[PDB]
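These protein sequence lines are chains X and X', in that order. A prime marks a further copy of an entry chain.
Residues 2 to 311 in the deposited numbering are what the first sequence lists, from first letter to last.
Residues 2 to 311 in the deposited numbering are what the second sequence lists, from first letter to last.
Quick reminder that beta carbons are idealized off the backbone N, C-alpha and C, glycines included.
Number of protein chains: 2
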Amino acid sequence: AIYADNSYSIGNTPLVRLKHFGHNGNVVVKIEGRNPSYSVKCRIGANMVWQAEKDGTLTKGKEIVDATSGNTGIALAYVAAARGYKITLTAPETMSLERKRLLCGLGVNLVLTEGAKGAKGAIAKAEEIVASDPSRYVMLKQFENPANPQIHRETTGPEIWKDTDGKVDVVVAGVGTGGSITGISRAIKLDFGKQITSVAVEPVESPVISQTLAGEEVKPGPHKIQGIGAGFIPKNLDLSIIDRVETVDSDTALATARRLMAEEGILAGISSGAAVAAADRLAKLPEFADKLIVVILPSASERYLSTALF
Amino acid sequence: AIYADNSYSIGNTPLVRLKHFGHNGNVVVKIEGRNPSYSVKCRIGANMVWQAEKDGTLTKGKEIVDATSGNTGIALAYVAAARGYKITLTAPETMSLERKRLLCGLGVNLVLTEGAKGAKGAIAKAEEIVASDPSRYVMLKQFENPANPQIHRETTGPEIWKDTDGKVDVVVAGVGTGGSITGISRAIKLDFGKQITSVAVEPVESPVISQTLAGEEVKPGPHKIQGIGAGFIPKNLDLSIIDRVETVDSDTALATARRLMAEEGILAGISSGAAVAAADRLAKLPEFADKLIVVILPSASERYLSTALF
Numbered sequence: 002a003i004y005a006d007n008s009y010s011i012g013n014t015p016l017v018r019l020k021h022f023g024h025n026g027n028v029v030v031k032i033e034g035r036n037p038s039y040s041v042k043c044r045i046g047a048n049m050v051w052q053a054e055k056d057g058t059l060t061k062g063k064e065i066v067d068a069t070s071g072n073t074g075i076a077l078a079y080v081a082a083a084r085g086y087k088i089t090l091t092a093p094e095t096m097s098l099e100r101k102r103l104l105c106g107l108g109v110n111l112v113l114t115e116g117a118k119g120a121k122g123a124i125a126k127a128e129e130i131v132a133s134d135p136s137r138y139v140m141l142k143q144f145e146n147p148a149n150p151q152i153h154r155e156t157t158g159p160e161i162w163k164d165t166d167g168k169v170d171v172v173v174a175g176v177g178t179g180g181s182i183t184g185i186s187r188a189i190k191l192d193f194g195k196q197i198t199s200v201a202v203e204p205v206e207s208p209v210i211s212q213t214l215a216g217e218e219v220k221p222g223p224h225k226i227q228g229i230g231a232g233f234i235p236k237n238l239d240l241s242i243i244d245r246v247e248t249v250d251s252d253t254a255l256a257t258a259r260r261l262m263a264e265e266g267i268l269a270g271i272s273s274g275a276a277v278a279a280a281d282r283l284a285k286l287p288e289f290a291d292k293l294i295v296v297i298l299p300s301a302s303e304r305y306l307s308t309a310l311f
Numbered sequence: 002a003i004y005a006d007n008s009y010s011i012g013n014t015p016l017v018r019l020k021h022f023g024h025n026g027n028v029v030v031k032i033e034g035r036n037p038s039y040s041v042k043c044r045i046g047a048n049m050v051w052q053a054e055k056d057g058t059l060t061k062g063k064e065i066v067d068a069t070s071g072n073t074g075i076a077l078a079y080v081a082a083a084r085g086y087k088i089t090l091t092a093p094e095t096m097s098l099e100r101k102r103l104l105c106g107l108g109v110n111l112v113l114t115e116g117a118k119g120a121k122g123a124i125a126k127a128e129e130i131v132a133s134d135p136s137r138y139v140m141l142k143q144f145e146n147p148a149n150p151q152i153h154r155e156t157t158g159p160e161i162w163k164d165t166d167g168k169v170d171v172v173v174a175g176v177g178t179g180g181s182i183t184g185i186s187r188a189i190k191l192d193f194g195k196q197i198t199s200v201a202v203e204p205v206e207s208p209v210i211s212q213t214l215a216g217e218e219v220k221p222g223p224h225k226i227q228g229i230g231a232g233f234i235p236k237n238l239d240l241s242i243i244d245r246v247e248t249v250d251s252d253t254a255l256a257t258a259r260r261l262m263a264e265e266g267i268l269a270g271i272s273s274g275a276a277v278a279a280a281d282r283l284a285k286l287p288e289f290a291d292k293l294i295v296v297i298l299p300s301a302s303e304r305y306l307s308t309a310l311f
């Protein structure tokens with residue numbers, strides 16, 4: 002069991018039972034912070050590169066280009082370094098100095114775009130670079146690339162199934178790209194055949210999944226739950242496998258992550274607190290009392306030291 | 002496989018083969034950054050608390066007190082939170098704001114001591130607090146507590162043995178408390194019976210193991226390789242199982258950690274770069290060409306964002 006490079010070491014993350022949430026131990030969390038670059042995105046950074054290699058879209062001589070400084074940028078960075086690809090990431094010039102150092106340390110060619118143009122200015126610049134030589138540059142597109150939910154169907158989902166001996170009843174996951182809840186739900190419902198409850202979590206400040214499913218005007222808004230609440234329905238969110246949508250506010254997400262640290266000894270990130278807050282509400286309904294609830298914790302506390310978390 | 006609290010999830014860390022170090026793949030690293038509080042010390046924080054419980058020295062009503070803000074303080078903090086103990090950690094008032102926030106976030110009662118008195122002022126204050134009510138306070142003493150090397154003999158060592166199918170020939174580990182190399186070496190040499198080469202790594206700036214074994218005056222000195230080079234021979238370093246001592250300088254340790262990030266996609270800490278630098282030198286000697294060399298990487302890059310690493 003020696004991995005040929007760090008990308009093959011993804012996953013096999015632990016399940017830990019919560020003591021101060023839920024009722025009689027019915028809430029258990031999956032620690033995706035224990036991954037090669039310390040988030041859930043390490044899995045999709047690995048598999049989007051692997052699938053592009055298998056497809057012949059990524060070859061020696063091609064460079065990865067993408068517009069993300071978040072967990073997926075870190076994930077693609079370590080995978081590019083591990084497997085020998087140059088990578089260019091675009092981000093607004095306003096990103097934190099700590100994240101510039103981290104990405105630069107991983108060997109990223111960091112292209113800083115105009116601060117006033119935000120995430121759109123970064124996406125545009127990435128698309129411009131790709132336009133300049135499309136036989137040279139590959140953009141992996143985490144919100145629509147099916148290799149994102151596929152790796153969760155092949156690893157994350159089966160890990161939950163095996164570690165719970167098939168007893169999982171509910172999966173609770175915040176939705177960023179949708180890949181996690183989509184792949185996990187397809188694995189458990191379709192490959193293992195168990196009719197669990199799949200719960201998407203989104204910010205109450207930007208409840209676009211709730212609004213969509215209710216037929217209401219979609220009205221996104223700003224929030225502090227980094228990693229979820231993108232303000233649109235991503236292609237990699239399979240709405241057909243979502244059974245329930247829970248909304249969580251930013252303050253309670255933060256307070257819940259702080260409780261995970263101080264009361265459970267779990268170094269969880271902000272969206273981890275959002276997911277547990279939604280799971281805790283379900284776990285304290287009598288209809289969920291005999292149900293085993295598994296919660297994805299996407300990231301780790303030290304990635305948030307300069308945030309409202311601390 | 003649902004852990005009753007985060008302390009039981011320690012270990013089972015991956016081995017990754019290096020591509021830009023060594024010769025023909027003979028250097029493989031063990032990623033101790035993938036642990037509950039993201040370092041090798043998570044194992045000893047867990048087991049020193051467990052053994053104190055078994056010994057009856059730690060009970061409900063007793064509080065942990067120790068003098069460390071480093072990886073062991075973080076480890077004891079998450080374990081204390083996970084298992085329901087109050088913990089007080091003393092540290093000089095000069096510690097980084099980021100580490101105060103991290104320890105405070107984990108629920109630590111942080112007692113800041115006089116900056117001019119350094120680590121000794123913190124150890125004194127911890128011993129004073131324990132003196133004030135010894136039936137109430139427990140100090141676990143990582144440099145002398147045998148539960149430190151014991152957990153490496155029971156987990157870290159057998160993991161290396163199993164993941165290499167018994168083919169490991171050399172173990173390379175920086176020495177802080179000595180617990181890692183001591184426990185790993187006892188496991189492989191005594192429990193599995195293989196006569197491997199155990200290599201301690203220390204700073205060239207503070208080469209007290211080398212000086213001791215040579216019968217020379219022990220002369221410690223300052224260095225930047227956080228986590229190793231304590232300036233004395235700890236009780237938990239079993240010199241009898243050390244076959245070789247390699248010295249590494251701070252600059253090369255830093256440069257090697259940066260290479261691990263940018264060339265291997267491995268988010269290693271500073272002492273991880275020191276250990277790989279020493280392993281790389283051995284791996285390029287013809288006498289080590291057919292030998293499988295396993296290197297402990299104690300911690301992860303983001304714990305070092307405010308250091309010379311970045």
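On the premise that residue j lies in contact with residue i, defined as a C-beta separation below 8 Å, what is that separation, rounded to the nearest angstrom?
| i | j | result |
| --- | --- | --- |
| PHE233/X' | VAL209/X' | 6 Å |
| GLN227/X | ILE271/X | 5 Å |
| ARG102/X' | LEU306/X | 6 Å |
| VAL80/X' | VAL131/X' | So it is not a contact: roughly 18 Å between Cβ atoms. |
| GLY74/X | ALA284/X | With 8 Å as the limit, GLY74/X and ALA284/X do not qualify as a contact, their Cβ atoms being about 33 Å apart. |
| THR95/X | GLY116/X | 4 Å |
| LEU107/X' | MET262/X | 5 Å |
| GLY184/X' | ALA276/X' | Rounded, the Cβ-Cβ distance is 16 Å, inconsistent with contact. |
| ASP6/X' | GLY34/X | Their Cβ separation, rounded to whole angstroms, is 16 Å, which puts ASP6/X' and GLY34/X out of contact at 8 Å. |
| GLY12/X | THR157/X | 7 Å |
| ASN149/X' | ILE45/X' | 4 Å |
| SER199/X' | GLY230/X' | At roughly 18 Å, the Cβ-Cβ gap does not stay under 8 Å, so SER199/X' and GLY230/X' are not in contact. |
| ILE32/X' | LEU298/X' | 6 Å |
| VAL28/X | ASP281/X | 7 Å |
Under a three-way DSSP split, which group does residue i fall into?
| i | result |
| --- | --- |
| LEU214/X | helix |
| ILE65/X | strand |
| residue 1/X | With chain X running from 2 to 311 in the structure shown, residue 1/X is simply not present. |
| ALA174/X' | strand |
| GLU247/X' | strand |
| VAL109/X' | coil |
| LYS236/X' | coil |
| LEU306/X | coil |
| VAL295/X' | strand |
| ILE226/X' | coil |
| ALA231/X' | coil |
| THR183/X | helix |
| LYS220/X | coil |
| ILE11/X' | coil |
| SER241/X | helix |
| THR257/X' | helix |
| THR198/X | strand |
| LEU103/X | helix |
| residue 1/X | The structure shown has nothing for residue 1/X, since chain X only spans 2 to 311. |
| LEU59/X | coil |
| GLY26/X' | coil |
For residue i, which beta-bridge partners are listed by DSSP?
| i | result |
| --- | --- |
| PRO93/X | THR114/X |
| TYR4/X' | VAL17/X |
| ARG44/X' | BP columns for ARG44/X' are empty, so no partner. |
| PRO204/X' | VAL249/X' |
| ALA301/X' | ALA269/X' |
| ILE88/X | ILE65/X |
| residue 316/X' | Only positions 2 to 311 of chain X' appear in the structure, and residue 316/X' is not among them; the question remains open. |
Check the Cβ-Cβ distances between residue i and every residue of chain C, and say whether any is below 9 Å.
| i | result |
| --- | --- |
| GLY222/X | The chain inventory of the structure shown lacks chain C, comprising the protein chains X and X'. |
For this session: Counting only runs of 4+ residues fully inside the segment 117 to 172 of chain X, write out the alpha helix (DSSP H) ranges in chain order.
Result: 119 to 133, 148 to 152 and 158 to 164
Exercise. Which residues, taken in chain order from the segment 278 to 306 of chain X, show a beta carbon closer than 8 Å to some beta carbon of chain X'?
Worked result: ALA301, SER302, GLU303, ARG304 and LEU306
For this session: With 8 Å as the C-beta to C-beta threshold (strictly closer), list the residues of the segment 242 to 262 of chain X near chain X' in chain order.
Result: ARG259 and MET262
For this session: Can you give me, in chain order, the residues of the segment 138 to 165 of chain X' that have a beta carbon less than 8 Å from any beta carbon in chain X?
Result: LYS163, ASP164 and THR165
For this session: Compile a chain-ordered list of the residues in the segment 14 to 25 of chain X' whose CB is closer than 8 Å to at least one CB of chain X.
Result: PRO15, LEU16, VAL17, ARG18 and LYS20
Exercise. Using a beta-carbon distance cut-off of less than 8 Å, what residues from the segment 44 to 55 of chain X approach chain X'?
Worked result: none
Problem set entry | chain X contacts made by the segment 61 to 87 of chain X', where a contact means CB separation under 9 Å | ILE75, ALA78, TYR79, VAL80, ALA81, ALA82, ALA83, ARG84 and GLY85
Problem set entry | Contacting positions in the segment 112 to 132 of chain X' - beta carbon closer than 7 Å to chain X | none
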